[PDB]
Amino acid sequence: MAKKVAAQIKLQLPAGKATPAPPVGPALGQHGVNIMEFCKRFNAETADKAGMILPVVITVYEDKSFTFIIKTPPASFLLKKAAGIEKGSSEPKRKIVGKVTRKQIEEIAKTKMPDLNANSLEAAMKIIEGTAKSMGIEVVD
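For each chain, numbering begins from 1 and proceeds through the sequence as written. The entry may number the same residues differently, and residues missing coordinates are not shown. For side-chain calculations, the full set of non-hydrogen atoms in the structure is used, while hydrogens and water are omitted.

This deposited entry lists solution NMR as its structure determination method.

The chain carries the name 50S ribosomal protein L11 in the PDB entry, which gives Thermotoga maritima as its organism. UniProt positions are given in the numbering used here, feature names are shortened, and annotations may be inferred rather than shown by experiment. The chain has a UniProt comment under Function that states "Forms part of the ribosomal stalk which helps the ribosome interact with GTP-bound translation factors." The heading Sequence similarities in the UniProt record of the chain holds the text "Belongs to the universal ribosomal protein uL11 family."

Structure representation (structure tokens):
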């Protein structure tokens, strides 16, 4: 399969909010890459996971072409989107700040399957759950 890797541009970038600030411009642009192609790409792709410093990895090719991936991380990311801590709880924090549910675990586990390096989702579920557990997040059902 066609690979002509010229470089790699790893970048932690706001979902829905990437831009040629010191992050992007110097990173990709120095390697000849269309920052706007990148940005209009990452932004549109990350539209859903917006509000988020996404851990990205760019792989620019010989053409000045590129592609990039975004490491849908251990679980913290979408556990915000579940545990209910996209900012924080109002006050309730019995050590368990907020919580979710095995099913919620699953979904999160599923979406980040490519990242968590899941042989099988049961494994990814462990990650999410364990992450959650460590983060003071309970799972309830």
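Further notes follow.
J.: What should I look at first to understand the environment of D115 in this one?
T.: Secondary structure elements follow DSSP: runs of H or I of four or more residues count as helices, runs of E of two or more count as strands, with numbering from the N terminus. Within the element layout of this structure, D115 appears in the loop between α4 (102-111) and α5 (121-134). Only protein chains enter the accessibility calculation, which uses a 1.4 Å probe; a residue whose area is less than 20% of its type maximum is buried, one above 50% is exposed, and one in between is partly exposed. Owing to a relative accessible area of 30%, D115 belongs among the partly exposed residues under this scheme. Leave out the neighbours within four places in its chain, and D115 touches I70, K71 and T72. Any two residues whose heavy atoms approach within 4.5 Å at even a single point are treated as in contact.

J.: Whenever I open this one, the pairing of strand β4 (residues 66-70) confuses me. Can you help?
T.: The two faces of the sheet receive side chains in turn, since in a regular strand these alternate between them. Where strand β3 (residues 52-61) meets β4, five bridges bridge the pair, whose relative direction is antiparallel. Opposite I58, over in β4, you have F68 as the bridge partner. One requirement defines pairing of two strands: DSSP has to find at least two bridges between them. Hairpin connection between β3 and β4: a loop of four residues separates the two successive antiparallel strands, and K64 in this loop has a positive phi of roughly 85 degrees.

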